[PDB]
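Novice: Chains as they are written, first to last, in the entry's author numbering: chain A, 1 to 736; chain B, 219 to 327; chain G, 323 to 341, 360 to 375.
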Amino acid sequence: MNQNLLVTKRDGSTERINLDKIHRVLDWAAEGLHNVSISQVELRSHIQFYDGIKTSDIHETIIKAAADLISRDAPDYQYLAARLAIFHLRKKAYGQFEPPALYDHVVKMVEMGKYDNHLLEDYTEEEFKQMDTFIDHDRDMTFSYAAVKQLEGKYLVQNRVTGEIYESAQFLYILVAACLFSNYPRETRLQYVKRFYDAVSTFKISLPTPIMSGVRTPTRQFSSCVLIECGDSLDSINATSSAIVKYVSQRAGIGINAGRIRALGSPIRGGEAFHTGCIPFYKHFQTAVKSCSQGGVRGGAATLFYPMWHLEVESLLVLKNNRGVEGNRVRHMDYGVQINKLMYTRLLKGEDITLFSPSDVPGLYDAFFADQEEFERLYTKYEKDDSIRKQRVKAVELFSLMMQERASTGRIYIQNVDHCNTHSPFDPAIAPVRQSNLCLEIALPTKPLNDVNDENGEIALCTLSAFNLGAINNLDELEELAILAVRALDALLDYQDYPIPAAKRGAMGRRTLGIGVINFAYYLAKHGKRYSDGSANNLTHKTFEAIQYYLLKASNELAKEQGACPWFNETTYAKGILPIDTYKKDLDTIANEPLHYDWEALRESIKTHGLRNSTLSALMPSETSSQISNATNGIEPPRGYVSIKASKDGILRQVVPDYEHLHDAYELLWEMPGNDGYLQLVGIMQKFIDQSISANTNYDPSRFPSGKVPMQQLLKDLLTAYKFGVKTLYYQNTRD
Amino acid sequence: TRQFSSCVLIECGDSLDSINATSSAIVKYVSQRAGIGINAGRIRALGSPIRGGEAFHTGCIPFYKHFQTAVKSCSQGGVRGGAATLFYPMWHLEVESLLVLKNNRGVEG
Amino acid sequence: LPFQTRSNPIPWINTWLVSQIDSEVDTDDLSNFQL
Ligand SMILES: Cc1cn([C@H]2C[C@H](O)[C@@H](COP(=O)(O)OP(=O)(O)OP(=O)(O)O)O2)c(=O)[nH]c1=O
Ligand SMILES: Cc1cn([C@H]2C[C@H](O)[C@@H](COP(=O)(O)OP(=O)(O)OP(=O)(O)O)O2)c(=O)[nH]c1=O
Ligand SMILES: Cc1cn([C@H]2C[C@H](O)[C@@H](COP(=O)(O)OP(=O)(O)OP(=O)(O)O)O2)c(=O)[nH]c1=O
Ligand SMILES: Nc1nc2c(ncn2[C@@H]2O[C@H](COP(=O)(O)OP(=O)(O)O)[C@@H](O)[C@H]2O)c(=O)[nH]1
Ligand SMILES: Nc1ncnc2c1ncn2[C@H]1C[C@H](O)[C@@H](COP(=O)(O)OP(=O)(O)O)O1
Ligand SMILES: [Mg+2]
Ligand SMILES: [Mg+2]
Ligand SMILES: [Mg+2]
Numbered sequence: 001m002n003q004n005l006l007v008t009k010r011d012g013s014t015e016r017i018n019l020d021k022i023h024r025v026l027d028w029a030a031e032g033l034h035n036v037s038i039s040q041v042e043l044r045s046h047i048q049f050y051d052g053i054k055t056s057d058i059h060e061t062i063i064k065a066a067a068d069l070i071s072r073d074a075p076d077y078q079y080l081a082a083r084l085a086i087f088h089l090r091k092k093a094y095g096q097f098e099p100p101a102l103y104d105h106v107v108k109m110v111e112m113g114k115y116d117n118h119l120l121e122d123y124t125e126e127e128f129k130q131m132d133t134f135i136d137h138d139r140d141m142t143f144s145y146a147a148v149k150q151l152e153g154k155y156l157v158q159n160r161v162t163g164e165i166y167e168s169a170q171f172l173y174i175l176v177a178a179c180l181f182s183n184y185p186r187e188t189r190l191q192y193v194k195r196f197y198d199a200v201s202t203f204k205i206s207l208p209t210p211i212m213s214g215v216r217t218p219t220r221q222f223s224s225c226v227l228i229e230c231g232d233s234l235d236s237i238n239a240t241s242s243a244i245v246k247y248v249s250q251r252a253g254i255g256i257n258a259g260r261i262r263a264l265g266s267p268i269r270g271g272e273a274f275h276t277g278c279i280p281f282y283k284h285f286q287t288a289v290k291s292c293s294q295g296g297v298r299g300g301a302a303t304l305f306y307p308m309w310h311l312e313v314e315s316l317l318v319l320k321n322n323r324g325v326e327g328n329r330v331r332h333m334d335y336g337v338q339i340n341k342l343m344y345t346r347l348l349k350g351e352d353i354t355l356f357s358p359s360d361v362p363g364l365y366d367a368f369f370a371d372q373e374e375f376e377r378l379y380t381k382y383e384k385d386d387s388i389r390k391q392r393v394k395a396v397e398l399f400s401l402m403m404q405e406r407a408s409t410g411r412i413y414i415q416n417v418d419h420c421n422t423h424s425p426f427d428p429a430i431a432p433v434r435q436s437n438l439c440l441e442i443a444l445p446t447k448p449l450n451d452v453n454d455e456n457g458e459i460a461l462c463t464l465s466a467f468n469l470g471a472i473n474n475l476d477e478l479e480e481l482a483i484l485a486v487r488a489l490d491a492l493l494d495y496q497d498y499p500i501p502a503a504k505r506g507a508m509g510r511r512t513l514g515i516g517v518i519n520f521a522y523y524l525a526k527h528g529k530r531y532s533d534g535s536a537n538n539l540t541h542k543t544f545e546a547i548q549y550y551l552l553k554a555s556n557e558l559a560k561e562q563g564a565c566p567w568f569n570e571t572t573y574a575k576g577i578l579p580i581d582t583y584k585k586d587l588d589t590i591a592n593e594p595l596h597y598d599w600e601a602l603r604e605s606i607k608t609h610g611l612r613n614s615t616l617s618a619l620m621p622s623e624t625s626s627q628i629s630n631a632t633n634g635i636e637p638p639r640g641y642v643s644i645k646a647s648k649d650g651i652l653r654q655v656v657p658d659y660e661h662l663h664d665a666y667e668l669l670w671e672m673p674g675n676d677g678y679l680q681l682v683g684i685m686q687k688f689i690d691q692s693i694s695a696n697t698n699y700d701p702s703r704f705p706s707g708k709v710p711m712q713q714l715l716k717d718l719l720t721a722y723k724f725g726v727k728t729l730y731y732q733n734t735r736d
Numbered sequence: 219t220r221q222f223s224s225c226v227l228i229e230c231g232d233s234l235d236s237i238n239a240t241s242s243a244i245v246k247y248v249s250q251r252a253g254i255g256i257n258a259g260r261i262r263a264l265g266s267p268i269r270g271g272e273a274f275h276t277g278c279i280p281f282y283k284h285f286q287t288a289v290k291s292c293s294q295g296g297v298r299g300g301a302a303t304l305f306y307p308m309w310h311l312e313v314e315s316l317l318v319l320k321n322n323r324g325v326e327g
Numbered sequence: 323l324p325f326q327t328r329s330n331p332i333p334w335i336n337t338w339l340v341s360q361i362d363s364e365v366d367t368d369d370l371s372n373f374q375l
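Printed below as a string of structure tokens:
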């Protein structure tokens with residue numbers, strides 16, 4: 001009873017179902033792999049044949065089937081499912097496997113409005129065919145399945161209504177290099193375009209989501225981090241809201257500083273009105289963030305910052321907790337609590353903390369960041385003034401409330417503002433750091449706005465990239481890699497557009513960059529070190545010194561070529577002060593590694609020629625972008641040998657690099673006894689990092705008596721982090 | 219503070235610039251004793267292409283939520299709270315989703 | 323062995339051929373700590 005069923009090919013035509021087509025495709029993808037099974041993939045597909053079945057639905061099913069077989073025993077399935085997906089994306093964009101010529105593709109795409117018009121203006125056809133020889137389309141065969149799904153889901157130019165994929169992976173790489181160095185002189189342009197292409201397509205340099213998904217398209221905005229400061233006025237709140245809407249719509253992630261907003265009950269216009277409080281304005285900020293960016297690559301996300309001594313701080317700490325009524329809950333934003341040395345001291349001594357509205361304590365807010373001595377003076381005085389509205393809370397209880405909400409939600413963050421200014425590339429008197437960003441790795445100056453186009457305000461932008469620590473074989477390789485990364489990002493600042501005038505002011509004035517690292521866990525495995533025991537302390541000091549040195553040297557040579565950034569005089573570098581000077585001296589008790597690079601020659605060179613960029617280094621989490629090189633994200637240890645990460649289609653299984661050879665060298669996230677080993681490495685990194693680090697703290701309830709995590713250890717770790725100069729604390733992961 | 223017109227009528231165009239202008243105008247006039255009428259019928263429907271197809275249009279509701287937080291942002295402590303009425307044509311594509319925006323059932327989204 | 327070493331091409335065949361937070365703090369212990 002043969003039915004003779006029909007399948008629908010990609011070109012609409014139909015033919016008899018022929019299983020040998022499926023056999024050949026799988027045999028092709030499994031070639032050279034170990035411990036995989038064509039038979040397993042076909043039977044686990046449970047593919048339901050019906051007459052007229054689309055050939056694309058058949059292929060997309062066997063991709064999911066091979067993807068779900070990625071396991072510890074059969075790790076090479078990460079490459080089987082990747083080759084099936086790369087093959088799928090070639091057909092989706094080209095109708096065949098072999099990609100067209102580089103020139104022919106750019107012509108068609110600019111005509112369709114998918115590429116920026118300038119690509120055809122700044123490059124000739126002779127130059128396009130010459131870059132086509134740089135392209136190695138076989139490098140698409142080095143991605144893992146998680147990497148390809150991020151390319152298909154987020155990075156490759158596509159239609160968010162149709163689902164139509166337009167480009168290949170190597171076209172993305174070569175055009176990101178072409179666009180960034182498009183303004184370089186022709187005598188060295190293609191030399192950089194080739195070098196930068198090879199660096200990113202062989203996973204030496206990691207590029208962020210907006211750069212991967214954006215650099216070649218009409219809409220030019222590629223800075224991941226946007227920092228907006230809000231003043232205590234309706235005009236400033238309106239400008240802040242309008243700036244958020246603009247930047248969520250253009251791939252950016254915001255850090256908002258609404259700590260200046262006066263507390264609930266404060267007089268308005270002398271007493272004509274009752275101040276409704278911060279919460280009704282935070283709700284306005286939330287709807288701005290989630291207003292429009294859910295259709296793009298990723299939704300809009302923001303973290304809002306307020307000082308610990310704010311009068312509403314007890315109402316603000318519980319804004320994410322899922323209980324309570326909607327009137328006092330702002331759940332869909334994250335929050336960072338701002339703390340300094342005086343606040344921690346009240347906790348250790350078991351004393352109280354006095355809460356003020358920033359409108360009733362003149363000069364206290366600005367002193368809270370710039371002048372730690374002036375703060376203790378103004379704070380202790382205002383505590384004794386009885387005409388000033390205040391409210392005392394036991395420091396133990398206030399810290400307990402914060403850490404309780406931090407542990408349950410995981411998204412209540414910490415920013416040590418004194419560390420953010422005593423060990424910063426900025427002079428607190430001229431350009432203090434008063435906030436952070438979405439992921440707590442950015443620390444840049446800001447000034448609030450009076451209008452959407454207020455020229456006197458400053459919105460801090462930061463553009464990112466990362467060094468793959470698993471791809472380098474010698475620390476001196478970072479010299480050439482820092483040159484390529486810094487030049488590409490600094491050229492990006494002049495290449496992109498700016499929707500908010502105040503944002504262009506900071507980006508062009510400071511040219512702040514945030515270059516981090518990925519594959520740090522894999523890097524420690526190769527050196528036979530671990531997080532918890534502290535055997536990586538000296539190695540981290542030697543590693544991140546070289547990272548910062550070659551980054552500064554790169555931006556210093558670039559300052560000779562095109563002049564330092566306009567506002568370089570506002571930096572501590574201009575005064576000849578280096579990070580190796582302002583780091584917290586407690587680090588000398590957990591690292592005895594000497595400095596191995598000529599910092600004094602660079603110090604003199606920076607005094608003379610300056611720096612092209614005000615900041616350079618910042619350790620971002622790289623949750624998404626690091627998956628392209630199948631690297632362990634950022635400085636975090638992997639959750640497992642096969643980690644489960646989220647995606648648009650579903651869960652992705654990601655194998656740690658070099659699993660079969662190094663699975664014993666890895667220290668997994670929950671194999672760590674505690675946080676002291678990790679937090680020390682974060683402190684050692686921060687010695688050289690310009691901005692901050694998205695440091696996590698992790699807790700396994702089963703490792704504690706009675707199965708509950710003690711508040712004592714949450715505080716001891718929070719204090720341990722401050723002792724070693726950790727600027728910020730990001731996620732708090734709690735097992736199960 | 220001299221503002222004494224009870225009724226304020228704001229019309230919103232199909233752009234982020236207009237939505238931003240509308241929200242800022244709402245915040246100003248609710249803070250000064252006024253009651254707002256918003257016309258957001260021009261905003262394109264959920265699923266429409268953005269910038270040729272670079273983005274998926276999230277719809278009117280995520281923007282209507284933005285208009286609401288503007289109205290209730292600041293005037294509750296003054297003489298009277300802020301209140302607004304939003305207008306849309308019956309033939310709008312999302313009209314079935316807009317008629318139930320006040321009903322106490324369904325999720326917050 | 324007459325053939326090359328190989329992993330099992332049909333692994334499925336083996337199925338058939340065999341049968360909160362402790363809220364307590366200690367402030368004195370916290371003062372025993374240098375910031
Ligand atoms: C890309 C590539 C594919 N292949 C395999 C995988 C595919 O099964 C096949 C190429 O697919 P197609 O040329 O599309 O062949 P098909 O069997 O689907 O037949 P048709 O579309 O003409 O009806 O060859 C190689 O052997 N070498 C290669 O380099
Ligand atoms: C006018 C007004 C302000 N506010 C809040 C928003 C700001 O956080 C804060 C300051 O608003 P501003 O716009 O600074 O108000 P103002 O300059 O007219 O009055 P003041 O002398 O009090 O500064 O008050 C309201 O909540 N409702 C209102 O109606
Ligand atoms: C850019 C962008 C627009 N929108 C919505 C808001 C507006 O109702 C609508 C129009 O936005 P506009 O601000 O008009 O965007 P545009 O002029 O750049 O694009 P177009 O040519 O498509 O008009 O799109 C988003 O929801 N998210 C976004 O990221
Ligand atoms: N809008 C938005 N921005 C994000 C999100 N995650 C990260 N970012 C931005 O990207 C910066 C660094 O994040 P990172 O982990 O490196 O993400 P990636 O570079 O996109 O892989 C942060 O400072 C954010 O500003 C998100 O989910 N949404
Ligand atoms: N006649 C047929 N019957 C059943 N499946 C087929 C088939 N021809 C191809 N396939 C399967 C094998 C591949 O995994 C998947 C995609 O094949 P393709 O070469 O991209 O599409 P097509 O040959 O339709 O252009 O479809
Ligand atoms: Mg075919
Ligand atoms: Mg005022
Ligand atoms: Mg428009």
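Just so it is clear, CB atoms sit at the ideal spot from N, CA and C, and this is done for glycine as well.
Let me make sure I understand the geometry here. Which of A/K560, A/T624, A/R411 and A/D690 has the alpha-carbon closest to that of A/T697?
Specialist: A/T697 has its Cα closest to that of A/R411, out of A/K560, A/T624, A/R411 and A/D690.
Novice: Under 8 Å from any heavy atom of ligand 4, does the C-beta of A/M308 make it?
Specialist: Not so, every heavy atom of ligand 4 lies at least 8 Å from the Cβ.
Novice: Any heavy atom of ligand 5 closer than 8 Å to the Cβ of A/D27?
Specialist: Look at A/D27: its beta carbon is at least 8 Å from all of the heavy atoms in ligand 5.
Novice: Consult DSSP for A/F196 and reduce its assignment to one of helix, strand or coil.
Specialist: The answer is helix: DSSP assigns A/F196 an H, G or I state.
Novice: When we look at the beta-carbon of A/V157 and count the other beta-carbons within 10 Å, is it buried (16 or more) or exposed?
Specialist: buried
Novice: DSSP three-state label for residue 741 of chain A, please.
Specialist: A question about residue 741 of chain A goes unanswered here, because the residues of chain A that appear run from 1 up to 736.
Novice: Please indicate yes or no: does the CB of A/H419 lie closer than 8 Å to some heavy atom of ligand 3?
Specialist: no
Novice: Quick one: is the Cβ of A/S249 within less than 8 Å of any heavy atom of ligand 8?
Specialist: Every heavy atom of ligand 8 is 8 Å or more from the Cβ of A/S249, so no.
Novice: Quick one: what's A/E272 bridged to in DSSP?
Specialist: DSSP lists no partner for A/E272.
Novice: Examine ligand 8 and report whether any of its heavy atoms sits within less than 8 Å of the Cβ of B/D232.
Specialist: yes
Novice: Work out the CA separation of A/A564 and A/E604 for me, nearest whole Å.
Specialist: 15 Å
Novice: Answer yes if the stretch 460 to 476 of chain A comes into contact with the stretch 511 to 518 of chain A, meaning at least three C-beta pairs across the two stretches below 8 Å, and no otherwise.
Specialist: yes
Novice: Check each candidate in B/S315, B/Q286 and B/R262 and name the one with the smallest Cα separation from B/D232.
Specialist: B/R262
Novice: Thinking C-alpha only, which one of A/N416, A/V106, A/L43 and A/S293 is nearest A/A66?
Specialist: A/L43
Novice: Would you call A/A101 buried or exposed, if buried means 16 or more other Cβ atoms sit within 10 Å of its Cβ?
Specialist: exposed
Novice: Which ranges does the beta strand (DSSP E) cover as unbroken runs of at least 3 residues, wholly within the stretch 206 to 285 of chain A, from first to last along the chain?
Specialist: 225 to 229 and 253 to 257
Novice: From B/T287 to B/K320, what does the alpha carbon distance come to, in whole angstroms?
Specialist: Straight-line Cα distance between these residues: approximately 15 Å.
Novice: What do you reckon, are the CB atoms on A/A30 and A/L80 nearer than 9 Å?
Specialist: yes
Novice: State yes or no: is the beta carbon of B/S242 nearer than 9 Å to at least one beta carbon in chain A?
Specialist: yes
Novice: Buried or exposed, going by whether 16 or more other CB atoms sit within 10 Å of the CB of A/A536?
Specialist: buried
Novice: Over what stretch of residues does the alpha helix (DSSP H) that includes B/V313 continue unbroken?
Specialist: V313 to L316
Novice: At least one CB of chain B closer than 9 Å to the CB of A/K526: is that the case?
Specialist: no
Novice: For the structure I just gave you, are there three or more beta carbon pairs, one from the stretch 260 to 274 of chain A and one from the stretch 481 to 492 of chain A, closer than 8 Å?
Specialist: no
Novice: Less than 8 Å between the CB of A/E15 and some heavy atom of ligand 1, yes or no?
Specialist: In this structure, A/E15 has its beta carbon less than 8 Å from a heavy atom of ligand 1.
Novice: Under the assumption that A/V452 contacts A/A243 (Cβ atoms under 8 Å), give the Cβ distance between them as a whole number of angstroms.
Specialist: Sure, about 7 Å apart at Cβ, within 8 Å.
Novice: Closer than 8 Å by C-beta to A/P432: which residues in its own chain qualify, once you throw out the five before and the five after it? Chain order, please.
Specialist: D366, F369, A370, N421, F426 and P445
Novice: Would the stretch 660 to 671 of chain A and the stretch 626 to 640 of chain A be scored as touching if the rule is three or more Cβ pairs under 8 Å?
Specialist: Contact between the stretch 660 to 671 of chain A and the stretch 626 to 640 of chain A is present: three or more C-beta pairs spanning the two stretches fall below 8 Å.
Novice: List, in chain order, every chain G residue whose beta-carbon is nearer than 7 Å to that of A/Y344.
Specialist: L375
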